[PDB]
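> Next one to model:
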Amino acid sequence: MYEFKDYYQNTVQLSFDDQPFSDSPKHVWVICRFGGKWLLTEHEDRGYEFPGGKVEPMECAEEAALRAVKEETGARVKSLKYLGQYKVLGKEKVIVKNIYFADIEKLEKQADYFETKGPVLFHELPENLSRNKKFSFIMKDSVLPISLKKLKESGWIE
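Numbering: from 1, shown residues only. And now the structure:
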């Protein structure tokens with residue numbers, strides 16, 4: 001279990017156990033890999049980030065993860081694996097996000113990318129994420145390097 005601060009100095013509680021903070025998380029975050037490259041999305045406001053979204057009515061976290069990937073990158077998932085879960089303690093409300101790993105099979109053409117500029121492919125993520133103004137704040141805290149290390153240790157990536 002990890003406890004640290006996010007980009008906006010809110011307390012973040014991170015764990016790689018099976019849903020320890022909530023069995024009903026309202027949000028999802030999907031770390032995507034298409035072959036040997038990282039599949040990201042470009043949010044119209046935030047910038048470069050891994051696909052994510054809110055759990056919509058009658059959906060489970062896994063279905064919300066598959067939908068977020070399609071809505072933001074137009075991609076189809078070959079294998080969706082649960083990585084971990086995190087809780088953000090803010091001002092208005094606490095948000096529980098489920099972290100998923102998605103092995104991307106293909107990228108299909110989409111008519112509407114929603115509030116995103118479409119799929120973005122990176123051979124490897126840049127070193128200066130926290131200082132990179134083109135990237136989203138959700139990629140600018142420890143959630144990302146810790147989750148990538150656990151993904152590297154799990155043996156799911158190549």
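> Find the centremost residue of this protein, please.
Geometric centre of the chain, nearest residue: residue 29, 2.9 Å, by C-alpha atoms, centre = their mean.
> shouldn't that one be in contact with residue 102?
No. Under the criterion of C-beta atoms under 8 Å, residue 29 makes no contact with residue 102, lying 10.6 Å away. (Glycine included, C-beta is placed from N, CA and C.)
> Now do stretch 5-13: everything it contacts.
Under the criterion C-beta atoms under 8 Å, 6 or more residues apart in numbering, residues 1-4, 21, 86-91, 137-138, 140-143 lie in contact with stretch 5-13.
> try 7 Å this time
The set of residues external to stretch 5-13 that reach it, using C-beta atoms under 7 Å, 6 or more residues apart in numbering, is 1, 3-4, 21, 86-90, 137, 140-141, 143.
> next one: stretch 60-70
Residues outside stretch 60-70 that contact it (C-beta under 7 Å, 6+ apart) are 25, 28, 30, 32, 51-53, 55-56, 75, 77, 80, 98, 100, 102.
> buried sites along it?
Of all the residues in stretch 60-70, those buried under the rule 16 or more other C-beta atoms under 10 Å are 61-62, 64-69.
> Pull the most distant pair out of the contacts of stretch 5-13.
For those, with distances taken as C-beta to C-beta, the pair at the greatest spread is 1 and 137 (22.7 Å).
> more crowded one of these two?
Between residue 1 and residue 137, residue 137 has the larger neighbour count (other C-beta atoms under 10 Å), namely 13 against 9.
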